[PDB]
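Working notes for the structure below.
Quick note: the coordinates plus some simple rules give every number you see, no bench work behind them. Counting neighbours? That spans all protein chains shown, and the Cβs are built from the backbone with ideal geometry, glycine included.
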Amino acid sequence: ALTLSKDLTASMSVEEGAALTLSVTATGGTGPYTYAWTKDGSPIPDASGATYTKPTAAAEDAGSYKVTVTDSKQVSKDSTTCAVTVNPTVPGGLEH
């Protein structure tokens, strides 16, 4: 439940149109971080920057988001699991 200070996001459970922030500080690994972004079985929005937001996530936007970020001790750090579930109009689990 413990993030790096504040996380990029924690979780959104919805039908497609979830609310996602992807966020770290960036350089080529000096102070701020150089990176590899992935999510929990799914592709992430473009990647490789520092701070990006997905205001409405579609089907390939469903999974859990995580990031491998290296800084100035040449050390790779991991930033938080942001879990977004974006369903089709709903399959028989919630109210059906």
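Using +1 at the Cβ of each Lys and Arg and -1 at the Cβ of each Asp and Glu in the chain, identify which of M12, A26, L94 lies farthest towards the dipole's positive end.
Checking the options against the dipole of the chain, the answer is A26.
Give me the distance between the Cα centres of the range 63-93 and the range 1-19, rounded to whole Å.
Centre-to-centre (Cα) distance: 8 Å.
Place a point 7 Å from the Cα of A50 along the Cα-to-Cβ direction; which residues of the range 11-27 have their backbone N under 14 Å from it?
23-27
Treating the beta-carbon of each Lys and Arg as +1 and of each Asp and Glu as -1, no other charges, what is the dipole magnitude of the range 3-96 about its Cα centre, to the nearest 20 debye? Display every interim value, and only then the final one.
Values: 6 positive and 10 negative charges, 90 e Å.
That gives the range 3-96 a dipole magnitude of about 440 debye.
Sticking with the crude label model, points 7 Å out along Cα→Cβ, report the distance from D78 to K6 in nm, one decimal please.
Label-label distance for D78 and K6, simple model: 2.4 nm.
For a quick protection proxy, order the peptides 87-94, 8-15 by their average other-Cβ count within 10 Å, most packed first.
Numbers: 87-94: 8.8, 8-15: 14.9.
In decreasing order of mean packing, 87-94, 8-15 become 8-15, 87-94.
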